[PDB]
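Okay, so here's the structure we're looking at.
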Amino acid sequence: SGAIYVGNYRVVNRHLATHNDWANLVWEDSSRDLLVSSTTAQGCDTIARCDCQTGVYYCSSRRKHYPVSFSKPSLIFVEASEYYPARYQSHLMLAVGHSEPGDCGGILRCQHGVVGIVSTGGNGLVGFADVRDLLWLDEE
Ligand SMILES: CC(=O)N1c2ccccc2C[C@@H]1C(=O)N1CCC[C@H](C(N)=O)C1
Ligand SMILES: [Zn+2]
């Protein structure tokens with residue numbers, strides 16, 4: 001579990017969004033596993049606007065932050081789960097690292113701010129949903 005809090009927006013994994021997130025929906029994309037809802041209180045996270053390929057992510061199943069190298073956001077096949085059928089997820093970045101069910105939502109950060117959140121895992125790989133292209137998160 002986990003979310004990004006920037007301005008009056010809350011960014012969560014779409015498959016973990018609550019019924020209340022849907023009532024307060026701003027934008028969602030099933031193909032990216034992302035959902036953004038509106039908030040009343042202003043948040044303090046800064047979104048990275050860069051092409052960094054190295055950063056640090058939080059792994060809740062280890063209670064540890066790990067430094068990683070990660071691939072550029074791309075269209076990657078994700079096996080069927082209880083949340084989605086087998087499909088290509090877009091804007092996904094992979095790193096060699098640990099992730100297990102329950103780790104989604106952990107933040108991936110570089111020197112510029114938040115890059116994305118954990119969205120996939122298994123087989124010694126961890127996948128992050130990129131948020132750096134969502135320029136509108138920085139306004140209104
Ligand atoms: C590490 C982790 O999150 N997982 C994992 C790991 C090891 C074995 C199985 C899993 C399931 C789960 C995972 O990858 N997803 C289930 C939730 C939705 C995700 C998506 N973006 O489509 C896919
Ligand atoms: Zn960066």
Side-chain angles (χ1 to χ4, degrees):
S1 61
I4 306 162
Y5 293 94
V6 54
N8 287 271
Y9 299 121
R10 163 175 139 97
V11 185
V12 299
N13 292 93
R14 190 189 186 272
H15 78 274
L16 300 181
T18 64
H19 61 121
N20 296 321
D21 276 313
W22 284 104
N24 297 310
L25 179 70
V26 173
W27 170 91
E28 54 87 15
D29 185 337
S30 173
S31 84
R32 292 176 71 146
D33 185 41
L34 284 184
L35 183 145
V36 176
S37 53
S38 56
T39 73
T40 58
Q42 211 189 302
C44 301
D45 291 327
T46 289
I47 306 300
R49 302 298 177 194
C50 67
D51 63 348
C52 284
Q53 261 190 270
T54 68
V56 176
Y57 81 103
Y58 181 60
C59 177
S60 72
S61 63
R62 293 287 181 270
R63 291 183 183 129
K64 186 144 183 73
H65 298 261
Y66 295 103
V68 284
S69 293
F70 53 90
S71 61
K72 284 193 161 174
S74 72
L75 196 64
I76 295 180
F77 181 83
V78 175
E79 296 205 49
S81 70
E82 64 189 279
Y83 301 104
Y84 300 98
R87 76 210 212 281
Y88 288 99
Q89 175 161 318
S90 58
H91 299 265
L92 188 68
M93 302 173 294
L94 303 186
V96 171
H98 183 75
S99 183
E100 59 184 270
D103 281 329
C104 295
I107 278 167
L108 168 73
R109 164 186 309 284
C110 64
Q111 66 184 100
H112 307 102
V114 175
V115 174
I117 47 172
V118 172
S119 180
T120 77
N123 297 335
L125 292 165
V126 47
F128 309 97
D130 186 57
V131 300
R132 296 178 288 182
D133 67 314
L134 300 179
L135 311 187
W136 55 265
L137 287 169
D138 299 343
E139 55 219 57
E140 81 139 12

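Index from 1, following the sequence. Each ligand, and each atom within it, is numbered from 1 in the order the structure gives.
- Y83 and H15 have tilted rings, their planes meeting at an angle from 30° to 60° on a 0 to 90° scale.
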Task: Evaluation steps, salt bridge (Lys or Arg N to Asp or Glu O under 4.0 Å), between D33 and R87 - done: CA-CA 11 Å; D33 185 41; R87 76 210 212 281; 5.3 Å; no

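- For ligand 1, the 4.0 Å heavy-atom shell contains residues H15, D33, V78, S81, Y83, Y84, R87, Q89, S99, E100, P101, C104, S119, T120, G121, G122.
- Counting non-hydrogen atoms of other residues, nucleotides and ligands closer than 6.0 Å to CD of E79 gives a total of 12 or fewer.
- Closest N/O/S atom of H112 to the Zn ion (ligand 2): ND1.
- Of the charged side-chain nitrogens involved, at least one lies within less than 4.0 Å of a carboxylate oxygen, so that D138 and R49 count as a salt-bridged pair.
- When each of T18, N24, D21, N20 is checked for a side chain to side chain donor-acceptor pair (under 3.5 Å) with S37, only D21 meets the rule.
- Taking the charged nitrogens against the carboxylate oxygens, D29 and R14 have no contact shorter than 4.0 Å, which rules out a salt bridge.
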